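Chain naming follows the written order as A, B, C, D, E and F, and within any one chain the residues start at number 1.
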Amino acid sequence: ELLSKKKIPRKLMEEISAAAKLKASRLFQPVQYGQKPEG
Amino acid sequence: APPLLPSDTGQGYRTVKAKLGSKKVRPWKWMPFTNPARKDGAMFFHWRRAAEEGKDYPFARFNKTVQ
Amino acid sequence: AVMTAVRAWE
Amino acid sequence: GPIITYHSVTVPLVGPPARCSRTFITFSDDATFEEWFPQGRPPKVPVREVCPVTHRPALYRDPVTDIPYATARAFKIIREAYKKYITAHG
Amino acid sequence: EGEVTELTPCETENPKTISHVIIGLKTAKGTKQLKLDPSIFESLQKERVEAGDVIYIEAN
Amino acid sequence: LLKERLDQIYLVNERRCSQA
């Protein structure tokens, strides 16, 4: 069923024809207790 | 035997590192409070959170005399 | 010799 | 060369006579012994990581920023933040 | 049965010689140390037991 | 002639994915 669903149609074939170890604290601020995290 | 007190980090700090680092504590204040059970209006002091400043004293609800 | 050492160890 | 001696003898019981059997494995050299009996420190309990976007139990970690996340929306937000941060940094 | 917490051999003088191999096993109820016959050292390495492994040892 | 190659690829792939 997965293979039937995800078979490539012809048009897609025709069209066809940075890592670094960061930390969560470095990018995103911590959230105060009792508050919904938002990002 | 002694009472069991709750605490995190009993299973080690390392395993609970991410949870503690994800959050930050709310601010507490040494603040004066009005006790409406008192008739004089004297202000004593509390350790309370900042958002709770100025809220009605909860222990004042106990105050009611025998008729 | 051997027996005494066996007992000492035991 | 290295030899491992398996030795089992009668030994007298303590509080024919009362006897019992006892075994005395023996090793020739310290190298073979430490090979056969490595004193391994117990493994550390893992960090129970949490998603910094939604604060849910972490299910994944992004290969690029090495930051765990728990949903596709978290992944999109994290990658947008990473591109903005790499632009600001250089 | 339990999770392995230690595998320290007990050295001795022969009347390196070992007279016991101590295994510490942990379950949700608690922890126990066993004073096993040294010959069990073969089976421990055969099973490749290390700290943090759940094992079981039959009495017989 | 890449069109014919794509047609052949698509036909074979559709035949191969069709059967359970």
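Please note the rule applied: contacts are C-beta pairs under 8 Å (C-beta built on N, C-alpha and C of every residue); 3 or more make two chains touch, one makes a residue touch a chain.
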- Message: Counting hops between chains that touch, how far apart are subunit C and subunit D?
- Response: 1
- Message: Looking only at C-beta pairs that count as contacts, which pair of chains has more of them, B-D or D-E?
- Response: D-E
- Distance in whole angstrom between the CA centres of subunit A and subunit D is 31
- Task: Just give me the whole-number Å value for how far the CA centre of subunit A lies from that of subunit B.
- Result: 42
- Task: Could you give the separation in Å between the centres of subunit C and subunit F, each centre being the mean of its C-alpha atoms?
- Result: 85
- Query: Considering subunit B alone, which of its residues make contact with at least two other chains?
  - Reply: 18, 22-23
- Message: If I count partner chains per residue in subunit E, which residues reach a count of at least 2?
- Response: 12, 15
- Note on the structure: Touching pairs of chains in this structure are A-B, A-D, A-F, B-D, C-D, C-E, D-E
- Over in the complex, which subunit D residues touch subunit A? Could you list them? 52-55, 63-68, 74, 77-78, 81-82, 85-86
- Message: Could you list, by residue number, the parts of subunit A that touch subunit B in their complex?
- Response: 24-25, 30-34
- In the complex, go through subunit C and note every residue touching subunit D. 3, 6-7, 9-10
- Task: Using the touch rule from the top, collect the residues of subunit D that touch subunit B in their complex.
- Result: 44-50, 52, 55, 58
- Please give the residue numbers of subunit A that touch subunit F in the complex, ascending. 1, 3-4, 7-8, 10, 13-14, 17
